[PDB]
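The structure appears right after this line, and notes come after that.
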Protein chains: 2
Amino acid sequence: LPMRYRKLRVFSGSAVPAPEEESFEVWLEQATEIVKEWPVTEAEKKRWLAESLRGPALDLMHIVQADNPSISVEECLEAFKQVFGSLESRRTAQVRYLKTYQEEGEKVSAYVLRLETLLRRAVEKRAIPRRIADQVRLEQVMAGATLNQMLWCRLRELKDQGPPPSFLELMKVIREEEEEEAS
Amino acid sequence: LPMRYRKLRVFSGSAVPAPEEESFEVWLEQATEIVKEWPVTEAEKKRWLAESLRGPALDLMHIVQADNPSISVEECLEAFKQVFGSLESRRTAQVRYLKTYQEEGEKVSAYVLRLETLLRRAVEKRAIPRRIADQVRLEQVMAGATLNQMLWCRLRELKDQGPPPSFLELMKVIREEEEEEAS
């Protein structure tokens with residue numbers, strides 16, 4: 001049998017959130033689900049929507065409704081996106097990707113996962129053409145990582161051995177090299 | 001009457017040249033002229049070509065000829081390009097442009113000229129699409145320059161007033177703002 005009901009994800013909109021809160025992009029997934037999918041009455045949608053909000057973000061929702069009583073939940077979410085959503089230039093998406101380097105004590109397979117989230121944003125905002133993202137991924141790994149020289153021998157084969165690797169192919173080759181023998 | 005004959009441009013190939021020498025890209029203009037245009041005999045071409053070389057660069061020319069006596073001047077310049085020419089990735093052209101900021105005591109019209117040489121290299125090497133170079137120029141000037149706020153008011157009109165400006169249009173608007181009144 002399906003286990004315990006799952007708690008709502010949550011969001012404050014604060015300049016420094018609590019470590020249990022989500023990104024706006026993820027709270028907006030839960031909110032889009034509640035709006036589009038749930039078989040529920042409007043005031044019960046609105047009480048489930050309201051129950052997820054904290055911080056400053058809870059405080060906007062009342063102001064917007066009082067000034068327009070005809071507001072649907074589909075319209076109220078459009079006001080919520082303007083105040084708490086995100087604005088970022090093409091140049092900022094591009095510069096924020098290319099500046100990313102491996103940290104102290106971070107593993108190479110941890111770095112290559114962290115770096116892949118930034119490459120998707122830069123391809124959405126048309127900063128990088130989708131035609132060349134697999135070449136741009138390999139060039140940035142060899143630029144930013146602290147590769148051991150047996151790993152260096154393999155990545156230099158992938159650079160030359162036909163087309164550039166996919167994400168899961170590159171991630172496999174890295175994992176085979178990360179393992180150490182005990183003493 | 002046309003004035004005194006003009007001295008040959010010159011090139012050493014050294015890791016630090018004398019301040020009178022040119023870039024390889026400019027010595028190669030003079031060499032391409034001598035090869036393609038001058039109405040001269042081969043050994044006299046080769047003595048004019050040789051007379052322009054110094055440093056290490058003078059020393060290669062003999063080695064290459066001894067190993068292949070059939071070598072034309074058109075073929076000998078192809079060997080010269082391999083040893084002294086330039087190699088640069090797409091990613092290095094892009095990163096070397098976007099990192100460029102105004103210096104201590106440099107004027108804004110001096111900065112916008114210095115920055116335009118780097119934008120041409122990045123469009124040759126296909127790092128930046130030629131379709132968008134006029135937008136990319138204005139975004140980098142507002143990022144890198146130390147604009148006074150009356151200049152800031154005008155560049156923010158150009159950003160919104162239809163298409164982005166050309167090089168000489170932007171250079172005119174900057175020059176009108178740089179001038180000061182005496183006391």
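How things are named: the first chain in the structure tokens is A, the next is B, and so on; residues count from 1 in each chain; ligands count from 1 in the order shown.
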Specify as a PyMOL selection string all residues of chain B found within 9 Å of chain A, counting only C-alpha atoms.
chain B and resi 91+95+98+136+139-140
Give me the residues within 10 Å of residue 83 in chain A as a ChimeraX atom specification, counting only C-alpha atoms and dropping any in the same chain fewer than 3 places off.
/A:13,57,60,78-80,86
Those residues you just picked out, can you put them in a file as an mmCIF file, in the first residue's frame with N, CA, C and O atoms?
```
data_model
loop_
_atom_site.group_PDB
_atom_site.id
_atom_site.type_symbol
_atom_site.label_atom_id
_atom_site.label_comp_id
_atom_site.auth_asym_id
_atom_site.auth_seq_id
_atom_site.Cartn_x
_atom_site.Cartn_y
_atom_site.Cartn_z
ATOM 1 N N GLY A 13 10.439 33.510 -0.196
ATOM 2 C CA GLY A 13 10.846 34.681 -0.965
ATOM 3 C C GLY A 13 11.894 35.580 -0.323
ATOM 4 O O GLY A 13 12.238 36.619 -0.903
ATOM 5 N N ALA A 57 6.567 36.293 1.077
ATOM 6 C CA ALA A 57 5.776 35.797 -0.051
ATOM 7 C C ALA A 57 4.302 35.607 0.297
ATOM 8 O O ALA A 57 3.423 35.862 -0.534
ATOM 9 N N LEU A 60 2.098 39.309 0.027
ATOM 10 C CA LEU A 60 1.652 39.792 -1.292
ATOM 11 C C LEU A 60 0.238 39.330 -1.704
ATOM 12 O O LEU A 60 -0.519 40.113 -2.340
ATOM 13 N N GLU A 78 0.223 34.813 -12.131
ATOM 14 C CA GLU A 78 0.972 35.692 -13.031
ATOM 15 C C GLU A 78 1.529 36.916 -12.304
ATOM 16 O O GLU A 78 2.664 37.328 -12.572
ATOM 17 N N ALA A 79 0.764 37.488 -11.367
ATOM 18 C CA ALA A 79 1.274 38.532 -10.479
ATOM 19 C C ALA A 79 2.395 38.031 -9.563
ATOM 20 O O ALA A 79 3.350 38.768 -9.291
ATOM 21 N N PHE A 80 2.297 36.782 -9.091
ATOM 22 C CA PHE A 80 3.296 36.207 -8.176
ATOM 23 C C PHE A 80 4.673 36.012 -8.842
ATOM 24 O O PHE A 80 5.730 36.293 -8.237
ATOM 25 N N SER A 86 12.558 35.440 -11.811
ATOM 26 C CA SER A 86 13.952 35.781 -12.079
ATOM 27 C C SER A 86 14.184 36.416 -13.443
ATOM 28 O O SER A 86 13.581 36.034 -14.448
#
```
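Closest approach to residue 7 in chain B among B:37, B:169, B:51, B:29 is made by B:51 (distances from only C-alpha atoms).
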Identify, on the basis of only C-alpha atoms, every residue whose closest approach to residue 33 in chain A does not exceed 12 Å; exclude the query and any residue fewer than 3 positions from it along the same chain; express the result as a VMD selection string.
chain A and resid 8 26 to 30 36 to 40 45 48 to 49 73 to 74
Would you write out those residues with N, CA and C atoms, as a PDB file, in the first residue's frame?
```
ATOM      1  N   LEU A   8       3.834  19.281   1.787  1.00  0.00           N
ATOM      2  CA  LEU A   8       4.027  20.358   0.813  1.00  0.00           C
ATOM      3  C   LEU A   8       5.469  20.880   0.822  1.00  0.00           C
ATOM      4  N   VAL A  26      10.816  25.471  -8.333  1.00  0.00           N
ATOM      5  CA  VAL A  26      10.292  24.203  -7.826  1.00  0.00           C
ATOM      6  C   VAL A  26       8.991  24.355  -7.029  1.00  0.00           C
ATOM      7  N   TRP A  27       8.899  25.387  -6.170  1.00  0.00           N
ATOM      8  CA  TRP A  27       7.606  25.762  -5.596  1.00  0.00           C
ATOM      9  C   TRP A  27       6.572  26.070  -6.682  1.00  0.00           C
ATOM     10  N   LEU A  28       6.991  26.683  -7.799  1.00  0.00           N
ATOM     11  CA  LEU A  28       6.118  26.935  -8.948  1.00  0.00           C
ATOM     12  C   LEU A  28       5.688  25.656  -9.700  1.00  0.00           C
ATOM     13  N   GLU A  29       6.397  24.537  -9.532  1.00  0.00           N
ATOM     14  CA  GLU A  29       5.933  23.248 -10.048  1.00  0.00           C
ATOM     15  C   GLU A  29       4.763  22.711  -9.250  1.00  0.00           C
ATOM     16  N   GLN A  30       4.921  22.695  -7.926  1.00  0.00           N
ATOM     17  CA  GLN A  30       3.830  22.330  -7.015  1.00  0.00           C
ATOM     18  C   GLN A  30       2.582  23.222  -7.187  1.00  0.00           C
ATOM     19  N   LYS A  36      -3.577  23.292 -12.185  1.00  0.00           N
ATOM     20  CA  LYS A  36      -4.013  22.578 -13.385  1.00  0.00           C
ATOM     21  C   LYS A  36      -4.660  21.211 -13.138  1.00  0.00           C
ATOM     22  N   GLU A  37      -4.216  20.443 -12.145  1.00  0.00           N
ATOM     23  CA  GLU A  37      -4.548  19.021 -12.067  1.00  0.00           C
ATOM     24  C   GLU A  37      -5.553  18.645 -10.990  1.00  0.00           C
ATOM     25  N   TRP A  38      -5.487  19.238  -9.785  1.00  0.00           N
ATOM     26  CA  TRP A  38      -6.254  18.733  -8.619  1.00  0.00           C
ATOM     27  C   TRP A  38      -7.764  18.893  -8.799  1.00  0.00           C
ATOM     28  N   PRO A  39      -8.563  17.835  -8.527  1.00  0.00           N
ATOM     29  CA  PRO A  39     -10.027  17.868  -8.648  1.00  0.00           C
ATOM     30  C   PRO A  39     -10.689  18.472  -7.397  1.00  0.00           C
ATOM     31  N   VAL A  40     -10.638  19.812  -7.283  1.00  0.00           N
ATOM     32  CA  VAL A  40     -10.924  20.523  -6.028  1.00  0.00           C
ATOM     33  C   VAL A  40     -11.726  21.808  -6.325  1.00  0.00           C
ATOM     34  N   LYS A  45      -8.662  24.985  -3.354  1.00  0.00           N
ATOM     35  CA  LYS A  45      -7.404  25.282  -4.061  1.00  0.00           C
ATOM     36  C   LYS A  45      -6.674  26.441  -3.386  1.00  0.00           C
ATOM     37  N   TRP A  48      -5.134  25.597  -0.078  1.00  0.00           N
ATOM     38  CA  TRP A  48      -3.938  24.758  -0.264  1.00  0.00           C
ATOM     39  C   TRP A  48      -2.753  25.549  -0.817  1.00  0.00           C
ATOM     40  N   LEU A  49      -3.018  26.475  -1.733  1.00  0.00           N
ATOM     41  CA  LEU A  49      -2.019  27.375  -2.305  1.00  0.00           C
ATOM     42  C   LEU A  49      -1.427  28.255  -1.201  1.00  0.00           C
ATOM     43  N   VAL A  73      -7.222  31.911  -9.954  1.00  0.00           N
ATOM     44  CA  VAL A  73      -5.904  31.399  -9.548  1.00  0.00           C
ATOM     45  C   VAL A  73      -4.883  31.418 -10.686  1.00  0.00           C
ATOM     46  N   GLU A  74      -5.341  31.253 -11.935  1.00  0.00           N
ATOM     47  CA  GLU A  74      -4.483  31.387 -13.111  1.00  0.00           C
ATOM     48  C   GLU A  74      -3.958  32.804 -13.301  1.00  0.00           C
TER      49      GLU A  74
END
```
For residue 133 in chain B, please output as a ChimeraX atom specification all residues within 8 Å (counting only C-alpha atoms; exclusion window: fewer than 4 positions along the same chain).
/B:119,123,128-129,137
Run DSSP on the backbone and give me the residues of range 19-72 of chain B it puts in helix (DSSP H, G or I), as a PyMOL selection string.
chain B and resi 24-36+42-52+57-66
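Residues with any atom within 12 Å of residue 167 in chain A, counting only C-alpha atoms and excluding same-chain neighbours fewer than 2 positions away, are residues 109, 112, 113, 115, 116, 117, 119, 120, 133, 134, 135, 136, 137, 138, 141, 164, 165, 169, 170, 171, 172, 173 and 174 of chain A.
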Top pick for closest residue to residue 103 in chain A, considering A:19, A:82, A:145, A:87 and counting only C-alpha atoms
A:145
Just to confirm, what's the straight-line distance from CA of residue 154 in chain A to CA of residue 132 in chain A in Å (one decimal)?
21.3 Å
